[PDB]
Amino acid sequence: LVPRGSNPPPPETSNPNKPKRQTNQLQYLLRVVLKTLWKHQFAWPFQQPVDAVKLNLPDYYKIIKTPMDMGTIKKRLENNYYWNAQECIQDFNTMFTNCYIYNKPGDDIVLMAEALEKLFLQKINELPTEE
Ligand SMILES: COc1cc2c(cc1-c1c(C)noc1C)ncc1nc(C)n([C@H](C)c3ccccc3)c12
């Protein structure tokens with residue numbers, strides 16, 4: 001009748017046990033990298049977790065075991081979840097890679113992801129100096 005499957009909870013975005021810092025690179029990742037991607041025409045499918053129930057994608061979380069999205073990344077930055085800039089960059093990379101696993105090369109959503117990823121890589125090439 002209907003596929004049987006719930007969404008997982010979204011990724012964790014805060015953790016009181018983790019120490020917190022602000023750094024040049026983390027500030028850039030929020031104010032330049034995330035900001036630039038978030039405002040893009042094609043950001044919207046990537047601004048929140050994939051809702052497999054609403055989108056009728058019952059196999060999505062059968063294969064995507066490390067989901068990630070820009071809404072999560074934004075909250076993690078805002079909550080000082082990341083200590084090292086590379087932890088945030090890795091989350092963006094996971095987001096893109098997940099899209100390229102679940103969706104066929106050349107599909108609409110993949111072309112959208114590629115346009116965002118190009119802009120991401122350009123901004124990462126201009127990452128500022130560390131402390
Ligand atoms: C086809 O892939 C999607 C379509 C989405 C989506 C999320 C995905 C998505 C992403 C991102 N990574 O894997 C999947 C699946 N999130 C919300 C959303 N709302 C609509 C109307 N869509 C449709 C199905 C859509 C299809 C192709 C390109 C853009 C949106 C979507």
Side-chain angles (χ1 to χ4, degrees):
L1 264 46
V2 187
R4 259 61 104 267
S6 50
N7 292 320
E12 299 180 39
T13 52
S14 65
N15 191 326
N17 283 346
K18 296 219 283 176
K20 295 176 192 300
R21 66 179 178 177
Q22 296 179 49
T23 66
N24 300 328
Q25 294 184 351
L26 288 167
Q27 184 188 39
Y28 178 86
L29 282 159
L30 180 57
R31 300 306 180 194
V32 178
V33 181
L34 182 286
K35 190 169 166 162
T36 295
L37 266 66
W38 190 270
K39 294 283 94 102
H40 195 279
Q41 187 65 29
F42 302 157
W44 66 270
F46 304 89
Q47 284 174 340
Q48 59 286 310
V50 170
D51 185 338
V53 176
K54 193 116 114 342
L55 299 171
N56 189 25
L57 307 172
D59 285 325
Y60 182 85
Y61 292 108
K62 297 200 188 103
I63 73 164
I64 300 303
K65 302 306 186 180
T66 314
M68 190 47 58
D69 64 280
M70 298 200 294
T72 296
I73 293 168
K74 185 174 185 283
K75 290 176 181 168
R76 283 176 172 203
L77 287 159
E78 289 167 344
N79 297 333
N80 311 292
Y81 189 91
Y82 305 117
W83 185 260
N84 290 155
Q86 187 58 35
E87 296 175 274
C88 175
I89 293 164
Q90 178 176 310
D91 279 346
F92 277 105
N93 294 329
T94 293
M95 180 183 80
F96 294 123
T97 302
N98 292 340
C99 184
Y100 308 149
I101 288 163
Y102 182 87
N103 304 283
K104 188 175 184 183
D107 280 10
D108 39 36
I109 191 70
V110 172
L111 299 171
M112 291 170 80
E114 285 173 354
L116 299 169
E117 189 187 13
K118 177 165 182 178
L119 182 52
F120 171 71
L121 292 168
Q122 287 171 337
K123 300 302 189 183
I124 294 303
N125 283 340
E126 304 177 28
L127 190 67
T129 56
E130 133 181 48
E131 299 84 352

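Note: hydrogens, waters and symmetry copies are ignored here, and every other heavy atom, side chains too, is used. When a residue number appears, it is its place in the shown sequence, counting from 1.
- Follow the hydrophobic side-chain contacts under 4.5 Å out from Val32 and you reach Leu127 in the same cluster.
- Tested against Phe92, the residues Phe120, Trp38, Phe46 include a single ring pair (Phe, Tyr, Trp, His ring centres under 6.0 Å) partner, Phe120.
- Proximity of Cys88 to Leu77: side-chain heavy atoms (C-beta onward) are separated by under 4.5 Å at one or more points.
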Would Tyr60 and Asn98 count as a side chain to side chain contact (heavy atoms under 4.5 Å, CB included) here? Give the steps. CA-CA 10 Å; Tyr60 182 85; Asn98 292 340; 4.1 Å; yes
For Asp108 and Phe42, what are the C-alpha separation, side-chain angles and deciding distance, and is it a side chain to side chain contact (heavy atoms under 4.5 Å, CB included)? CA-CA 11 Å; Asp108 39 36; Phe42 302 157; over 6 Å; no
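- Between the CG atom of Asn15 and the CZ atom of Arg76 there is a distance of 10.0 Å, given to the nearest 0.5 Å.
- In terms of heavy atoms, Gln25 sits closest to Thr129 at NE2-C, 4.4 Å.
- Two residues are said to be in side-chain contact when any heavy atoms from C-beta on lie closer than 4.5 Å; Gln22 and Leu26 fail this criterion.
- Other residues, nucleotides and ligands place more than 12 heavy atoms under 6.0 Å from the NZ atom of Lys65.
- You'll find the side chain of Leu37 stays beyond 4.5 Å of the side chain of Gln47, heavy atoms only.
- Not a single donor-acceptor pair under 3.5 Å links the side chain of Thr72 to the backbone N or O of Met68.
- Closest approach of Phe96 to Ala113, counting heavy atoms only: CE2-O, 3.5 Å.
- Looking at heavy atoms from C-beta onward, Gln122 lies in side-chain contact with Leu119 at the 4.5 angstrom threshold.
- When all heavy atoms of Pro105 and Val110 are compared, the closest pair comes out as CA-CG1, 4.4 Å.
- The environment of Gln90 atom CD is sparse: at most 12 non-hydrogen atoms of other residues, nucleotides or ligands sit within 6.0 angstrom.
- Rounding to the nearest 0.5 angstrom, the gap separating the CD atom in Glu114 from the CG atom in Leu121 is 11.0 Å.
- No salt bridge links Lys104 with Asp107; every basic N to acidic carboxylate O contact stays at or beyond 4.0 Å.
- Nearest heavy-atom pair across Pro19 and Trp83 is O-CE3, 3.5 Å.
- A heavy-atom distance below 4.5 Å is not found between the side chains of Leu34 and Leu29.
- When the shell of 6.0 Å around CD of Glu12 is examined, it contains 12 or fewer heavy atoms from other residues, nucleotides or ligands.
- In this structure, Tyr102 and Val50 have side chains that are not in contact, with every pair of non-hydrogen atoms separated by 4.5 Å or more.
- Tracing side-chain contacts under 4.5 Å through hydrophobic residues (I, L, V, M, F, W, Y), one never reaches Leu116 starting from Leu111; they form parts of separate clusters.
- The line from CE of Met95 to CG of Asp69 is 8.0 Å long, rounded to the nearest 0.5 Å.
- Proximity of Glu131 to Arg21: side-chain heavy atoms (C-beta onward) are nowhere separated by under 4.5 Å.
- The number of heavy atoms from other shown groups lying within 6.0 Å of NZ (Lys35) does not exceed 12.
- Contact between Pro67 and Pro11 at its shortest, heavy atoms only, is O-CG, 3.9 Å.
- Between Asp91 and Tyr82, the shortest heavy-atom distance links the atoms OD2-OH, 2.6 Å.
- Rounding to the nearest 0.5 Å gives a distance of 10.5 Å between NZ of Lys62 and CG of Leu57.
- Under a cutoff of 6.0 Å and an axis angle of 45°, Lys18 and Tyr81 form a cation-pi pair.
- Between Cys99 and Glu117, every side-chain heavy-atom pair lies at or beyond the 4.5 Å cut-off.
- When the shell of 6.0 Å around CD of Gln27 is examined, it contains 12 or fewer heavy atoms from other residues, nucleotides or ligands.
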Between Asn7 and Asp51, does a side chain to side chain contact (heavy atoms under 4.5 Å, CB included) hold up when you go through it step by step? CA-CA 7 Å; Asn7 292 320; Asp51 185 338; 2.9 Å; yes
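- In this structure, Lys20 NZ and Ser14 OG are separated by 7.0 Å, a value rounded to the nearest 0.5 Å.
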